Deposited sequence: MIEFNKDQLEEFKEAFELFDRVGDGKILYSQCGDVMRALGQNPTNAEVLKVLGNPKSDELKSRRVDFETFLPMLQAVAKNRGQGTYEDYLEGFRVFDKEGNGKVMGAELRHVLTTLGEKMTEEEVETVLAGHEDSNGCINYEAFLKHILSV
């Protein structure tokens, strides 16, 4: 990262400081990485965080300078499409099945998170055009 990038990232980081000490929580680190264009898993975030314990994840605060190496380390379509085509060959995906797998497999999400990402993209049958939805979620 160059000085300009570091300045933009610091400004964004300060927008994420909800406590005023110029720091974020470990548990916010993943959110900040995602806001800056990275897509780490929660597992990857905890790994780059050093597998923190619950207490420091929820209350230990770090400034931009300590967060930055982790963002760097994380930073340094056809699979995504086939992954969605797993749950399909008419270019659709059931809304119910995507909801079920996202709330029951992997790093399970809430029904509200899935509704939020899925809002306005599913039709009356409960089918998702996955090429358009995928382009949308990758934008």
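Annotation: deposited residues 1 to 3, 80 to 85, 98 to 99, 151 are not represented by C-alpha coordinates in the model.
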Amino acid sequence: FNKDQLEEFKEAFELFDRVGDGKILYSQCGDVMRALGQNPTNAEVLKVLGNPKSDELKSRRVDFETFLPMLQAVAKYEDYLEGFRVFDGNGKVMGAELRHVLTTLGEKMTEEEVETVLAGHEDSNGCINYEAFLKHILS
From here on, numbers count along this sequence of modelled residues.
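C-alpha atoms forming the largest set that superposes within 1.5 Å between two forms make up the rigid core.
Taking the root mean square of CA deviations in 5 other deposited structures of this protein after fitting on the rigid core, 104 to 112 and 61 to 69 differ, and the farther of the two is 104 to 112.
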